[PDB]
Amino acid sequence: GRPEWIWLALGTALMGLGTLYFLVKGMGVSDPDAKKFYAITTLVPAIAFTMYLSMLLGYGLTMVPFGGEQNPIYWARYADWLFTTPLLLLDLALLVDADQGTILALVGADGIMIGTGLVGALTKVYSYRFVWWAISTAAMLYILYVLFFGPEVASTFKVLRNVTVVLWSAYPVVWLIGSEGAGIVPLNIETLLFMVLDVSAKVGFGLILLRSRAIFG
Amino acid sequence: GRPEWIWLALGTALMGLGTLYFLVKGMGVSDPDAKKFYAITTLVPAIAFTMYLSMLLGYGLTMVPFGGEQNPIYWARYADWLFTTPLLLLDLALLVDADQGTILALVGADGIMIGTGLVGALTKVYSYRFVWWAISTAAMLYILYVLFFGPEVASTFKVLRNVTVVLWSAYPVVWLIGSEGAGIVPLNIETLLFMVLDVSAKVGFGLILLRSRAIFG
Amino acid sequence: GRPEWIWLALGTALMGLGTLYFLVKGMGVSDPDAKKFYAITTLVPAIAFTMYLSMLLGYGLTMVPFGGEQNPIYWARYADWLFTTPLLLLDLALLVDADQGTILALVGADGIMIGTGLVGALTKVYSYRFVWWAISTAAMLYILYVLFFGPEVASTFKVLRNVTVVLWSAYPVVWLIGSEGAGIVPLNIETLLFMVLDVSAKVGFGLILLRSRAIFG
Ligand SMILES: *C/C=C(C)/C=C/C=C(C)/C=C/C1=C(C)CCCC1(C)C
Ligand SMILES: *C/C=C(C)/C=C/C=C(C)/C=C/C1=C(C)CCCC1(C)C
Ligand SMILES: *C/C=C(C)/C=C/C=C(C)/C=C/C1=C(C)CCCC1(C)C
C-alpha cells in the first residue's frame, strides 16, 4: 500500500534475524560481564524488531497536520530509540567502566535528545518543528562530546565510538531533509535511509561488540 | 453502569488493603536487604490500586474499533503491569542475588511483553492483534525460561517461582479468549479472572515473600 | 495570545540559563561523587527548560472538558515532574548515602504522586479529579515522611530538605485552587506561581547544592 513498506518489511526481518543470532550466540555464556553485554546487545534489535513490525502493520504511523497537509509520521521510531539509544550508550559506558555520574549524563541527554525529537515530529507549527530539532541536536552533540572527552577494551571502544558518531550524526540530517522536516526527500527514500542506519547501528554495532574479547573480564 | 464494576471495586479495595497491610508490616524494619523487599512488594499493590481505581472511575477505559464494533478496552492494565511486573521479577532476582546482566534481560523482556501486549490491545486490524499476542507470549516464555534455567532463600524462591509461572501463564489465555482477543468470554467474567489473578500475583505473592526469613541478610 | 505566556517565556529563559550555568560550573570536575551531583542537578533544569518551551509554543497544552467547559490544561508539567522530581530526590538520597530500598521507595512514591496528578489533571468527571489529588497528596506526604524519619553533608541535607518540604507542599495547594481544581485562581496567576516554585525548587535548590562541599568525597 505504502511505497516504503518494502524497507519496513526488510527492516523487520533484519532486526528479527539479528535478535535471534545474538540470542543463540549468547547461550552458554557464564561470564558476568559478558552476560551484561549480551543482554543489552540482544535487547536492542528485539525492541527495534517490534517497532519495525509496528510501522509495517501501520500501528506506529500517525498523521500530523502542518504546512497545509496531512503528513504521515512514523512515531514508532521514537518509541524504539527512546529505549535502544540508551542501551547502546550503556554498552559503550560499561565497556570503558564509566562512572555512574557519566552514565546518568549520557542517559539523561539521550532521553532529552529523543524526547525533543518526538515533540518536533508531532508539532503542528511548521517553524517550531525546527526549534525542537535544534535542541535535540544540541543534546546529540553533548553526547558525542562526552564519548570523546569524557588494550582490547580501548581498541574495541574506539571502533564502536567511531561507528556511533558517524551513524548517529546522520539521523538529524535525514530528519531535517526528510518528511518530518524540509520534505525535499520523499518518505520512501527516508525510510530506506533509516533502515540502513538502524541495522548498521544495532546489528552492525552488535556484531563488532559481541565478537570482541573486550566483553569478557 | 458497567457489569464488571463490582470486580473493579473489589479489586481496588483488595489492592488498597494489601498496600496498607504491607506498609504497616514494613514499619520498624532496619535490615537493608529487608527494606528492599518491603519497598518493592508494597509498591506493587499501591500501583495496582491506582490503576484499579482508574478503571473503576472509567478513566482507564477506551474504545477500540475492530471486527465491526466499538470494543471496550481497559488500557489501564498495561500501565499497571508495565511497572508492577518488573518489580515482581526484581523481588525474585534479588532473592537469588541474580547478576545485573540477568536482571536487565528479565526487565527488558518484561518491557517488551507488556509493550507488545498494549499494542495488541489497541490494534484496529483484528488479525494483527494476535501477531502482537504471539510476540508478547514469546517474551513471556523467555522470562519463564530464565527463571527456571538462568536454604530458606532456595526454598522461598522455588515457591514464589512456581506461583509466578502458574499465574502469569494464565494471562495470555484470558487475553486470547477475552474481549481483547476472540471475545468468547464476556468482559465482566474476563474482569473477574484478571482481579483474582492480579490479587493472587501481588498480595498473595507478597504475603508469601514478606513472611519468609529469606528477605533478611 | 495567552495571558500566561510571559511567565512561560520567563520560565523557559530562567531554566535555560540555570542549565547553562550548571553545565559551565561542572566542567573540570573530576571527583566521581561530585560528577553524580552535577549530572543530576544540571539535567533537572535542562528537562524543565524543554517542557517550559513546550508550553510556551503551545505543544504542552490540551483542553479537558469538565464542569461544562473546555479547560486549558498544561500536561507538559507532569512530563517534566515525572523525571525532575525523582532526580531531585536522588540528589537528597545520594547526599545522605541512603540505601537502595529507601531510594526505590522514594522514586516509586514519586512516580505514583506525579502519575495520579496527571490522571487527575485529565479526568473529565470533576469530582473524581479531587479523588486523584488526594491520593497523589498521600504519596507526597509519604515522601516527606521518609525524608524526615527515614557535618557538611548533614548541614547541607537539612537545608535542602527544608527547602524541598516547603516548596513541594505548595504544589498541591496551587493545583487545588488553580485551573486544574477549584478554579478560584485564574490560569495566568497559577502559571506565575508554578514558575516561581519550579525555578526555586530546581535552580534555587541547585545553586545551594552545587556550592556546598558536601558533593565532594
Ligand atoms: C537504533 C537507533 C539509533 C542508534 C538512532 C539514533 C537516533 C538519533 C541520534 C536521532 C537524532 C535526532 C536529532 C539529533 C535531531 C532531531 C531528530 C532526531 C531524533 C532524528
Ligand atoms: C500484577 C500483574 C501481573 C503479574 C501480570 C502479568 C501479566 C502477564 C504475564 C501478561 C501477559 C500477556 C501475554 C504474554 C500475551 C499478550 C497479552 C498479555 C499482556 C496479557
Ligand atoms: C521541579 C518540580 C517540582 C519540584 C514539582 C513538584 C511537584 C509536586 C510535589 C506536585 C504535587 C501534586 C500533588 C501532591 C497533588 C496532585 C497535584 C500535584 C501533582 C500538583
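Values below: all heavy atoms of this structure, side chains included; hydrogens, waters and symmetry mates excluded. Lettering follows sequence order; numbering is per chain, from 1.
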Check whether B:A139 gets within reach of chain A through its side chain, its backbone, both or neither, counting any heavy atom under 4.5 Å. neither

What part of B:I103 lies closer than 4.5 angstrom to a heavy atom of chain A: side chain, backbone, both or neither? neither

Greater than 12 external heavy atoms within 6.0 Å of A:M27's CE: no

Once rounded to the nearest 0.5 Å, what's the spacing between atom CD1 of B:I112 and atom CG of A:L43? 4.5 Å

List in chain and number order the residues that pass side chain to side chain contact (heavy atoms under 4.5 Å, CB included) with B:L82, two or more places apart in sequence or in another chain; answer none if no residue qualifies. B:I114

So for A:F83, is it side chain, backbone, both, or neither that comes closer than 4.5 Å to the heavy atoms of chain B? neither

Which atoms of B:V125 come close to chain A, meaning under 4.5 Å heavy atom to heavy atom: side chain ones, backbone ones, both, or neither? neither

Between B:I135 and chain A, with a heavy-atom cut-off of 4.5 Å, which part of the residue counts as in contact: side chain, backbone, both or neither? side chain

Taking 3.5 Å as the threshold, show me the donor-acceptor pairs across chain A and chain B, one per line with distances to 0.1 Å.
| residue | atom | partner | partner atom | Å |
| --- | --- | --- | --- | --- |
| A:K36 | NZ | B:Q100 | OE1 | 2.9 |

A:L53, part contacting chain B, at a heavy-atom distance under 4.5 Å: both

